[PDB]
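Report on one structure; see the data block that follows.
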Amino acid sequence: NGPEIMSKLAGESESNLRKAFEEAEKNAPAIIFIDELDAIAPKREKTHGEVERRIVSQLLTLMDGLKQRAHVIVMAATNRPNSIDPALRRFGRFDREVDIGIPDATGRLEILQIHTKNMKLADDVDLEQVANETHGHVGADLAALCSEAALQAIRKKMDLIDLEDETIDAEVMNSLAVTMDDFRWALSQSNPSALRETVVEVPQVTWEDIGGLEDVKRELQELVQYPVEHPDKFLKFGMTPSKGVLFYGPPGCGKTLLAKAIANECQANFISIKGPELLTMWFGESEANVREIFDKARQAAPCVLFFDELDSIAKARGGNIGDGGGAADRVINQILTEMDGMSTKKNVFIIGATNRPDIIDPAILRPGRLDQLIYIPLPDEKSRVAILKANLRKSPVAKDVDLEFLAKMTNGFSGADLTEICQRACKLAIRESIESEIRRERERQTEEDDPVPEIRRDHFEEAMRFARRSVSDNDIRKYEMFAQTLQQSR
Amino acid sequence: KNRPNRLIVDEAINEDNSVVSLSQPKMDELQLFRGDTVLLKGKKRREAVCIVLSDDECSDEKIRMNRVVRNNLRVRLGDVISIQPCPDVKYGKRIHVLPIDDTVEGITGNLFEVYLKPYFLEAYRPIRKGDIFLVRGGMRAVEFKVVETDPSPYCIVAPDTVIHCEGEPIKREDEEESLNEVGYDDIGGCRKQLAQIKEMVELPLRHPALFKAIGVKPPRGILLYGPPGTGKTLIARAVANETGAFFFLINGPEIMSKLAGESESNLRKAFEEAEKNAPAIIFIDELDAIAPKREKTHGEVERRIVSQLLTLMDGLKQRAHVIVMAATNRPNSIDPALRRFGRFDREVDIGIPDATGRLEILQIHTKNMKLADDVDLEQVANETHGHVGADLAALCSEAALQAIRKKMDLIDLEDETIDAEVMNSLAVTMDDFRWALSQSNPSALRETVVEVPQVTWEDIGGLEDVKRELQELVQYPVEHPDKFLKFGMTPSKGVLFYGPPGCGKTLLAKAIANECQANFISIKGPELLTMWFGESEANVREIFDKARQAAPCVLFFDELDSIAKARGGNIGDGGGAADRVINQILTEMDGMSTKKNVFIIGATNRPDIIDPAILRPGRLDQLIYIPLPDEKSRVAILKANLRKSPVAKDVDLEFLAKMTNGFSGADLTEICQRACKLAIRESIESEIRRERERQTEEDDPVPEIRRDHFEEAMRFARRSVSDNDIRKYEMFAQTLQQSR
Ligand SMILES: Nc1ncnc2c1ncn2[C@@H]1O[C@H](COP(=O)(O)OP(=O)(O)O)[C@@H](O)[C@H]1O
Ligand SMILES: Nc1ncnc2c1ncn2[C@@H]1O[C@H](COP(=O)(O)OP(=O)(O)O)[C@@H](O)[C@H]1O
Ligand SMILES: Nc1ncnc2c1ncn2[C@@H]1O[C@H](COP(=O)(O)OP(=O)(O)O)[C@@H](O)[C@H]1O
């Protein structure tokens with residue numbers, strides 16, 4: 001243990017390290033676990049005083065020595081890899097690096113099943129809902145959540161209720177069924193999720209979650225799949241596989257959807273880097289974090305690194321005229337540097353996105369970088385129907401409502417407006433439900449089943465009243481001009 | 001007996017110290033009456049006699065009991081008791097009671113005359129052998145133990161019955177914990193965090209063998225924090241005394257003063273001592289002195305002690321029910337290696353008290369000070385914005401000292417020595433408190449206040465549809481989550497009020513935060529500007545952290561366009577609408593919990609220059625336009641403003657609302673304040689003129705703010721918004737809602 005060794009007196013700690021390595025050498029095969037390595041051997045800048053560096057040196061010497069005829073593997077744990085002494089990650093000492101990382105939805109459900117193994121859950125307990133509501137929790141958080149729900153079940157009843165009659169017994173322990181409400185309480189307030197890092201996972205979006213855009217689907221499948229599933233054709237024909245796409249078009253039409261979808265179909269991780277993050281690196285003047293981002297994409301290969309709102313910096317300092325300078329920024333330049341300097345084929349596929357393609361740094365559209373310009377257009381009727389169906393398929397909707405009529409009337413609506421319509425109609429329906437509930441609670445003359453909850457017609461007739469177009473015709477004209485000029489001029 | 005006659009004890013709310021209050025049902029069900037006396041049998045064959053009352057709030061299985069009688073039964077909080085009816089009033093004849101030497105020392109005075117005379121005056125108090133009661137007065141709280149009762153072994157004193165107070169004070173027993181010790185009754189303004197702490201340390205301490213018999217994770221580390229002198233150590237000792245668990249106290253500077261190697265011996269031996277006397281509670285006071293951040297540590301001697309503390313925390317969590325509660329000023333000021341799981345996993349934010357809490361604190365500290373009659377602690381508690389418990393305690397002590405200092409010390413300095421008589425006769429006037437609060441106490445804190453605002457829905461005139469929309473958006477996602485889950489809709493987490501300045505945006509925020517009884521955090525313009533100029537936007541994180549620590553909450557950013565117009569207005573700076581701070585607002589708002597009951601509200605009187613990347617779904621997306629009032633609303637505004645001030649009856653507010661057209665809601669308050677100024681001037685001038693009466697002292701003329709005072713206050717009326725701004729808001733609405 002890191003702090004355990006670091007608590008002992010000067011010279012006692014090195015005796016402990018030496019004797020520990022001796023003990024493990026004597027009982028081979030062995031595994032040494034140096035927990036909290038960043039407490040024993042931090043970076044040279046954070047070391048001061050002989051006593052620290054001497055112990056770091058002793059650890060280095062022991063690591064270098066063990067690799068003579070001694071099958072002792074040394075596994076060490078640390079919070080962040082770039083927080084420990086870089087002299088340790090040189091070969092012969094710590095050459096293999098494993099990134100555990102926070103769990104995802106299926107993993108969290110599995111964690112819950114592991115910790116509720118002998119807790120005698122109730123019947124209404126649906127751990128799917130819980131695992132879906134625990135974004136940010138690691139194994140310790142979920143373990144504490146399950147224990148806290150158990151304690152709440154012991155606390156409400158079956159302790160104070162049998163406090164006065166009869167002593168403790170196994171009977172009450174068997175009869176304890178921890179309700180779904182109990183888990184809802186334990187997850188409700190009494191546990192602060194202990195992490196807010198960049199999540200890496202295989203997104204649960206699928207190809208049928210997106211309406212329209214079929215040719216864009218086949219192009220995405222071609223560009224992402226063919227270089228990994230048929231490398232021999234690429235080697236035979238000498239072509240080099242591209243490592244980038246740039247979606248562009250009106251905002252709210254499915255760029256992020258397409259990214260998540262193609263990252264899911266190939267079962268490869270997905271790292272989203274939204275606008276505010278690039279702006280945070282520009283304002284804070286720390287563009288040297290871009291490196292770290294790409295490092296993650298290397299640690300979780302195969303991946304899909306997705307920079308959306310790539311024009312954010314470009315329009316933060318004014319738009320078309322804007323700042324007097326050129327299109328070179330502090331962050332986008334690091335993106336160029338890191339993208340030119342990645343591995344030959346590490347199965348990492350950078351995707352960009354921008355709803356203003358005219359102000360993007362044109363030095364990123366050059367070969368060897370993001371060079372496949374795909375234009376995500378505004379939907380059509382045969383696509384708007386699919387958009388409405390894919391959005392509404394989670395909500396219970398009536399059968400007399402015609403979505404084709406909606407798609408007929410909602411012309412030029414970006415894909416987000418067709419979601420605002422559905423959310424607003426759902427709001428109206430929920431309001432009607434709760435109001436009817438209260439009116440049926442005014443029944444004090446006699447408790448009965450709530451009326452039919454199908455989102456009905458003439459609810460959309462009101463939600464449609466407040467419909468907005470989130471893109472002017474002028475922006476459509478701008479995208480048209482971009483396409484016409486850059487593809488057809490000469 | 002295994003049939004229902006046993007009850008669960010809990011806290012009390014009544015100021016009487018010799019009664020028990022039970023719910024109206026359990027009263028009829030136990031075959032008892034209101035007021036009927038009973039026997040309360042508890043543990044170790046020690047029962048008592050008490051009086052019963054009725055209280056709707058307390059539940060059936062629960063019984064209000066104050067600390068004195070609760071301690072009398074030898075039982076502690078959370079245990080079970082047996083109540084038996086006894087209408088056998090064996091009316092007393094003479095009592096033999098003597099004080100304790102520990103509580104009675106230095107107290108020159110005939111104790112019979114000074115304490116027990118109004119105590120037992122027309123008091124039908126039942127007494128039984130083995131009861132140590134107490135009575136308060138003369139800046140003291142005195143304990144009396146009854147040895148010898150004429151009706152054996154219990155009685156009830158009648159107003160006629162004598163009380164016989166001969167003898168010397170007796171030394172205290174080994175099995176009553178004295179009542180100068182701290183209990184939950186003392187802690188005034190932290191009745192909500194006390195719920196969390198009690199539910200956390202109830203089962204491990206009260207029921208220790210249960211966790212031996214169950215595989216489940218107990219809470220081990222609790223980190224209390226909050227500004228100094230808020231009551232952390234108080235809460236620790238209170239919990240220790242109520243649960244009866246052994247309490248070891250480790251002081252930060254005390255350990256850090258010892259020599260290198262002596263301090264670690266002290267920590268190790270302290271943990272050993274607490275382990276030996278389990279159940280226990282270790283209180284490491286001033287943790288930020290022992291284990292600060294790694295950047296502020298330098299030198300082996302520091303880090304070594306931090307490491308020793310880490311190792312002890314990690315070690316204790318093997319088969320050892322010792323909870324470790326540590327206190328610190330600010331949570332991000334201590335070593336982050338401590339707040340990782342297994343060491344300090346529970347975090348509690350005590351925080352500064354609010355108005356009701358401060359009034360309760362005052363009542364706690366004026367418990368035995370014999371206040372005057374004019375003392376209205378409501379006014380005091382309303383004037384102590386910024387004070388923590390230590391400040392109010394010092395305020396009460398200083399007012400007491402001022403009362404001793406003016407008179408009753410120098411006046412009886414030359415005739416007669418000290419006595420209890422003067423201590424009883426000391427009534428601390430309201431002026432005395434006004435003096436002590438006036439200058440002689442610097443309120444010791446200026447942090448962001450978190451509280452449930454006292455504004456209500458009738459404090460706001462007009463805006464009814466905005467009220468129903470606010471109620472819908474804030475209430476429906478918490479009170480009916482099943483509808484939202486059934487229909488698949490996601491609940492929005494933001495609103496953006498916009499409109500002319502001074503029309504009720506902050507009022508609406510406070511009102512909807514009050515109706516839901518959720519905390520309110522105001523973040524005004526100057527704060528965002530301070531984070532922009534100082535180039536420290538990394539404080540925005542901290543703000544949201546507070547909103548998480550005090551959930552449910554309403555985080556309110558008003559004047560959200562402040563940064564946007566600080567660097568020039570419409571044209572302004574050449575850059576775009578992206579700022580250093582608003583970007584952090586976006587980052588933190590996208591990255592909060594799925595549903596943590598925190599509802600961000602924005603406000604801006606210039607909606608055209610706000611960063612349009614904040615109006616996107618998943619952020620503040622409900623645009624509500626607070627318009628300029630109308631006549632049927634201006635009447636309500638004027639009434640809601642004037643209802644605190646005494647105004648005449650012939651004044652017509654409808655005429656004012658008729659004449660004041662297009663007046664923003666602030667101008668209708670400036671009118672009232674200016675009229676009040678005129679009235680106060682007239683009052684003081686008339687007072688001086690009546691003081692020029694030197695010919696003869698009489699009652700001040702009628703103080704109703706009268707008509708023809710508004711006729712002057714109305715003379716200087718201003719419109720704080722041009723028609724051009726109204727036109728701008730109209731254009732914003734027209735374009736953004738109707739264009740296509
Ligand atoms: N073609 C589409 N098919 C299905 N849903 C869509 C489509 N276009 C937009 N949406 C909806 O719009 C919302 C936001 O779209 P998003 O992909 O984030 O916009 P952008 O492409 O600008 O990133 C998504 O929740 C999605 O449900
Ligand atoms: N919440 C409170 N309730 C009652 N008294 C308090 C409270 N807070 C402070 N006081 C008074 O001020 C004193 C300071 O309490 P203390 O626990 O020493 O503060 P801290 O440990 O936070 O520095 C208490 O002993 C009490 O006299
Ligand atoms: N509709 C209203 N009803 C009651 N009082 C109002 C109203 N509008 C404004 N006021 C008064 O105006 C003062 C300042 O209003 P405030 O809400 O701070 O302005 P803003 O809405 O610009 O924040 C408050 O003290 C309040 O008494």
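Convention: chains lettered A, B, ... in structure tokens order; per-chain residue numbering from 1; ligands numbered from 1 as shown.
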Review point. Neighbours of ligand 3 within 10 Å, counting only C-alpha atoms and all ligand atoms, as a PyMOL selection string?
Key: chain B and resi 457-463+497-510+524+558-559+603-605+626-630+633-642+663-670
Exercise for review: Identify all chain B residues at most 8 Å from chain A by counting only C-alpha atoms; ligands do not count. Present them as an MDAnalysis selection string.
Suggested key: chainID B and resid 1:2 6 80 203 210 216:218 298:300 304:305 307:308 310:311 341 480 483:484 486:490 551 574:578 580 583:584 586:587 591 593:596 737:738 740
Point to revise | For ligand 2, the nearest of the candidates B:735, B:333, B:443, B:233, counting only C-alpha atoms and all ligand atoms | key: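 Residue with the minimum atom-to-atom distance to ligand 2: B:233.
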Exercise for review: Could you please extract the residues within 9 Å of ligand 1, counting only C-alpha atoms and all ligand atoms, and hand them back as a VMD selection string?
Suggested key: (chain A and resid 208 to 213 247 to 259 308 to 309 353 to 355 376 378 to 379 383 to 384 386 to 391 414 to 420) or (chain B and resid 617)
Point to revise | Selected residue, from A:66, A:483, A:278, A:158, that lies nearest to residue 26 (chain A) when counting only C-alpha atoms | key: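 Using only C-alpha atoms, the shortest distance to residue 26 (chain A) belongs to A:66.
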**Study point:** Expected answer as a list in words: residues within 6 Å of ligand 2, only C-alpha atoms and all ligand atoms
**Key:** residues 186, 187, 188, 189, 190, 228, 229, 230, 231, 232, 233, 234, 361, 389, 390 and 393 of chain B
Selected residues written out with C-alpha atoms, as an mmCIF file, in the first residue's frame:
```cif
data_model
loop_
_atom_site.group_PDB
_atom_site.id
_atom_site.type_symbol
_atom_site.label_atom_id
_atom_site.label_comp_id
_atom_site.auth_asym_id
_atom_site.auth_seq_id
_atom_site.Cartn_x
_atom_site.Cartn_y
_atom_site.Cartn_z
ATOM 1 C CA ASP B 186 -29.499 22.944 21.707
ATOM 2 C CA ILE B 187 -28.727 22.947 17.977
ATOM 3 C CA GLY B 188 -31.086 25.510 16.512
ATOM 4 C CA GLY B 189 -30.491 26.298 12.881
ATOM 5 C CA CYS B 190 -29.390 22.887 11.604
ATOM 6 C CA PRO B 228 -15.891 28.279 11.361
ATOM 7 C CA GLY B 229 -18.005 28.623 14.457
ATOM 8 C CA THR B 230 -21.121 27.238 12.791
ATOM 9 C CA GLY B 231 -21.652 24.347 15.194
ATOM 10 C CA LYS B 232 -19.707 21.350 13.874
ATOM 11 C CA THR B 233 -18.055 20.266 17.150
ATOM 12 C CA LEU B 234 -21.412 21.034 18.770
ATOM 13 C CA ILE B 361 -30.418 30.141 18.071
ATOM 14 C CA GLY B 389 -24.177 30.600 16.019
ATOM 15 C CA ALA B 390 -20.976 31.845 17.654
ATOM 16 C CA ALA B 393 -23.990 33.556 21.289
#
```
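Of note, CA of residue 41 (chain A) and CA of residue 257 (chain B) are spaced 28.6 Å apart.
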Practice item. Fewer than 2 positions away in the same chain doesn't count, so skip those; otherwise give me all residues within 9 Å of residue 432 (chain B), counting only C-alpha atoms, as a list in words. Key: residues 399, 400, 402, 403, 428, 429, 430, 434, 435, 436 and 437 of chain B
Please, could you write that set of residues out with N, CA and C atoms as a compact mmCIF listing (two decimals), in the first residue's frame?
```txt
# COMPACT_ATOMS: atom_id res chain seq x y z
N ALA B 399 -24.86 41.50 25.30
CA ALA B 399 -26.03 42.22 25.79
C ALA B 399 -26.23 41.99 27.28
N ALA B 400 -26.02 40.76 27.74
CA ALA B 400 -26.09 40.47 29.17
C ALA B 400 -25.06 41.28 29.95
N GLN B 402 -23.65 44.08 29.05
CA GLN B 402 -24.04 45.49 29.02
C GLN B 402 -25.10 45.78 30.07
N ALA B 403 -26.06 44.86 30.23
CA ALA B 403 -27.09 45.04 31.25
C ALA B 403 -26.48 45.00 32.65
N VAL B 428 -32.96 42.35 30.54
CA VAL B 428 -32.13 42.88 29.47
C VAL B 428 -33.07 43.50 28.45
N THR B 429 -33.07 44.83 28.36
CA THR B 429 -34.05 45.51 27.53
C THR B 429 -33.77 45.28 26.05
N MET B 430 -34.75 45.65 25.22
CA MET B 430 -34.60 45.57 23.77
C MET B 430 -33.56 46.56 23.27
N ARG B 434 -30.25 46.08 20.95
CA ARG B 434 -30.01 47.01 19.86
C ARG B 434 -28.60 47.59 19.93
N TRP B 435 -28.09 47.79 21.14
CA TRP B 435 -26.73 48.29 21.30
C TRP B 435 -25.72 47.21 20.96
N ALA B 436 -25.90 46.01 21.52
CA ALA B 436 -24.97 44.91 21.28
C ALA B 436 -24.89 44.55 19.81
N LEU B 437 -26.03 44.56 19.12
CA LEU B 437 -26.08 44.34 17.69
C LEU B 437 -25.67 45.57 16.89
```
Practice item. Would you mind listing what lies within 12 Å of residue 118 (chain B) as a PyMOL selection string, with only C-alpha atoms counted and same-chain residues fewer than 6 positions away left out? Key: chain B and resi 111-112+135-137+159+424
**Study point:** Residues of region 353-592 of chain B in strand (DSSP E), written as a count of residues only
**Key:** 15
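Comparing the minimum interatomic distances between residue 365 (chain A) and each of A:230, A:184, A:439, A:243, counting only C-alpha atoms, we find that A:243 sits nearest.
Distance-wise, CA of residue 386 (chain B) and CA of residue 553 (chain B) end up 20.7 Å apart.
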Exercise for review: With a distance cut-off of 12 Å and only C-alpha atoms, select the neighbouring residues of residue 323 (chain B), excluding the residue or stretch itself and same-chain residues fewer than 4 positions from it, and output the selection as JSON, numbers by chain.
Suggested key: {"B": [197, 200, 201, 202, 203, 204, 205, 208, 218, 219, 220, 221, 222, 223, 236, 239, 240, 245, 246, 247, 248, 271, 274, 275, 278, 279, 280, 281, 282, 283, 284, 313, 316, 317, 319, 342, 343, 344, 345, 346]}
